[PDB]
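If you scroll down you'll find the structure; I have some questions about it.
Order of writing sets the labels: A, B, C, D and E. Residues in every chain begin at 1.
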Amino acid sequence: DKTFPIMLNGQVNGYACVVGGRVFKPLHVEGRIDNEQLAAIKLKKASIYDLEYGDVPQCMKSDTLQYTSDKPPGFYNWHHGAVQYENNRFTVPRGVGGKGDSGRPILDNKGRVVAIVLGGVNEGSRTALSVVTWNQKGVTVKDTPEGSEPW
Amino acid sequence: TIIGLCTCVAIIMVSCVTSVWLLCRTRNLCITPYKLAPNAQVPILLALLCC
Amino acid sequence: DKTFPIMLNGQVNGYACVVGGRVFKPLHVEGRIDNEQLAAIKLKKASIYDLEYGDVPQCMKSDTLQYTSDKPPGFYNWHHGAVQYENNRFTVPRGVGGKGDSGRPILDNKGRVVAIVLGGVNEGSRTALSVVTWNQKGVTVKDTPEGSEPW
Amino acid sequence: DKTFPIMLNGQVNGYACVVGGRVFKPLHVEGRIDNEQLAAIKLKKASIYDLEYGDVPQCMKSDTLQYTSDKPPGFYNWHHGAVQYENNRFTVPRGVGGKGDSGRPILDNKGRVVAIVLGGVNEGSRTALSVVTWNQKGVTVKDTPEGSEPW
Amino acid sequence: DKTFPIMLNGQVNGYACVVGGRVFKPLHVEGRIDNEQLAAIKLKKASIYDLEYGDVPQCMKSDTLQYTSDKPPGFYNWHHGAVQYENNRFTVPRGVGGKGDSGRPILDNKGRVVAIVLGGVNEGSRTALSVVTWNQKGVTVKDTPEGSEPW
């Protein structure tokens, strides 16, 4: 497994994932990672992007997801199904995902992580997602639709 | 004497308005529970103490 | 019709009911009653019961709901289904009732109204309803279980 | 349609009609016409005839009732069926007319408006109607029986 | 629904279109929007484009027409039939356009808005339309032939 749930009192508050050799989790997700190998890692607070990160242990280096900055318009996969990306916006049908789903990765047709979900906005029949993505030059950026609620 | 009389009248008005306001509010609070219940006993004593 | 929706900006913000020649609607619900005959009634405030009341037109008086105070333990009917009455408390399964359902009536198996639903408590598996009813003497009383929130 | 009921509190208490390009409503019938296009025109008073009138909107001037001053003796019709016109009086069987039937036009065998009913008198066998009609010279006249009551 | 008609006196005198998540309606078309929620939002004026605009309701943000700046030579469609684009001009068959068609967008073979129609000129063989479209730089540009009549 490359995604690990985060639980504070036994309920799932969010998910953590290993991307590119780093462990990622949102700042707003409280609790401990079920994997003690990751929970014991001291994480840096990247308040610029609402993400905590650390170095993957050598024993966990094999459980790493590849990422890419090449995210053309189309459909992407995640734990709840397909995700549609257009006009520099990530969108899912309304009711697909909610509180507790932040930190899930979005994968392309080759299994490469293209984004990490932080939250979203319900726009009628579709829900727009707040995601952390890399621009056309591969630089990490945070995309936040106005009024997005952290999940 | 002018100040005394004006103060007394002001005190009387403020006191009478407060007294009547409290008594009228009491009637509304006392009777409202029965207006929303047409099929109620409505004891005669209720009409004598709260009205 | 026995229940009339109340619209604020085109959406339903609650329901108004007519019982025994009198109309009741939640005091905390803003908007017009979706009925020309009822929207023309000037209602009096009853902050004790968080509701407004007044008389209805002569044409409606003939078909108003019947008041009753006989509330033995058991199951009662309401718009969204059955209602359980135990420990002098009205409760329903979780997910039955929510925002906008305030003012709905609860009736017995004889078609008589026993309580007006103004709110409730969201528990883990059930919910408790904050309702206005009558005691064994037929006097209006408001039951607000601890943590009740207006709907 | 061509006849537009007049509603006060969500109930019909009379009927407005459009004759020859003019909207005619009884003066004693208080309320708003159940329309948006015809209700926005300012109406002039004709208290001598207990009528009010106004100009039909340009888009509605073509969809109006025709009228005639020729009223040969015989049978006429209206919303409630046949109407007898004899001895210079409009009359209907006892109980056919009543309160609320104010402003309803009477039609001939050719579909032309012949009178506007404002009231009536219940005689031994038939109820005479108080109407606004046009004499043999085409002049508007108020034809009312003795003791007529406004409807 | 993505294109809503505008009514002034009960008849339709134009259209208000929801394109790109924003309302586009002509300035010369006075009246309320068919949709009550689109009529309740304050709109801004763009006299240089003869159109009025404003942000759509939350639910209308996703349910909107996408637009494109690429309009190669070919055929397009609208509610009056097909639209032909040649010599950088939108031309429709003789007599196809007319009063009340302003505000209707011209859609491509993918259902995307290419231009908004405002008026036209009958050239005796075909009719040229006054439209609001986007240039090769994606900037809003108004294109109207000389003598065009606002519709």
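The rule is simple: a contact is a pair of C-beta atoms (placed from the backbone, for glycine too) under 8 Å apart; a residue touches a chain by one contact, two chains touch by 3 or more.
If you compare B-C with A-E, the chain pair joined by more contacting C-beta pairs is B-C. The chain closest to the protein's centre is C, with centres computed as averages of CA atoms.
Separating the CA-averaged centres of subunit A and subunit B is a span of 65 Å. Subunit C and subunit E, compared by their mean Cα positions, are separated by 49 Å.
The centroid of the Cα atoms in subunit B and the matching centroid in subunit C are 30 Å apart.
Taking the mean of the C-alpha atoms as each chain's centre, subunit A and subunit E sit 40 Å apart. Residues of subunit A in contact with at least two other chains: none.
The set of subunit B residues touching two or more other chains is empty. Those residues of subunit C lying in contact with subunit B across their complex are 20-22, 24, 46, 48-49, 53, 67, 132, 134, 137-141. Residues of subunit B that touch subunit C in their complex: 29, 32-41.
Chain contact summary for the complex, subunit E toward subunit D: residues 9-11. Looking at the complex, you find that subunit C touches subunit D at residues 35-37, 40, 57, 59. Only residues 58-63, 66 of subunit E touch subunit A when the two sit together in their complex.
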